[PDB]
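First, one chain by itself in structure tokens, the form deposited in one PDB entry.
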């Protein structure tokens, strides 16, 4: 039953699923999809669509890989651009970015709304107001940009940002954040090609953990 089933992780939390983990939800078109629910962070009910923790998974992937999703339920993944669109089409979803450095410090950024458009509009980022958080704001500067991968350049640069910079993102010319960049393990000498959130640790520090997640506003 789709119209009865959970639409997102907050629906699951409301029904007494108190531990984080993988659960089936029903997308707007009633397709079932297994997603990671973060029930532990900031009240819980978050649907996680990106997670890095150890560099075990290669994130320097093509349009196809990002479109469908890749990685492991047991570790690092990207849920998939088709999936992220479907998840964020209904209602208003807040975005939370959780970051952890190699010195064990947890930082976060919250945004009042977050939507990605369909493939026809290149999974364009539609981002609401920055709320706050220790990590600072490195995503507003990407608002209204298409998603790009190495093999499909939709950025606003004469260059290919995804190739630069070794990731996949709503690149502008080119980025303030690059959470799908190389897992560089803390400080790095290469410029802006790591898991970077520039408002916090700048362009030459690659985070240990990155998570991107959504909850009804």
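Basically, rigid core = biggest C-alpha set you can superpose within 1.5 Å across the two forms. Positions refer to the first chain, counted from 1.
72 to 80 and 90 to 98 differ in mean CA B-factor, and the higher of the two is recorded for 90 to 98. Of the two segments, 151 to 159 and 166 to 174, the one listed with the higher mean B-factor is 151 to 159 (C-alpha atoms only). Of the residues listed, 54, 29, 38, 58, the entry assigns the biggest Cα temperature factor to 29. In the PDB entry, a CA B factor belonging to the lowest third of its chain's modelled residues is recorded for residue 210. In the PDB entry, residue 200 places in the highest third of its chain by CA B-factor. Among the modelled residues of the chain, residue 43 sits in the highest third by CA temperature factor in this PDB entry. Annotation for residue 182: C-alpha temperature factor in the lowest third relative to the rest of the modelled chain, per the entry.
Beyond what is shown, the protein has a form deposited in another entry; the following relates to that form.
Residue showing a CA shift of 2 Å or more between the shown form and the other one (rigid core superposed; candidates 41, 157, 190, 68): 190. Core-superposed comparison between the shown form and the other one: the Cα of residue 176 travels 2 Å or more. CA of residue 106 to CA of residue 190: closer by 3 Å or more in the other form than in the shown form. Here's the thing about residue 190 and residue 178: their CA atoms end up at least 3 Å farther apart in the other form than they are in this form.
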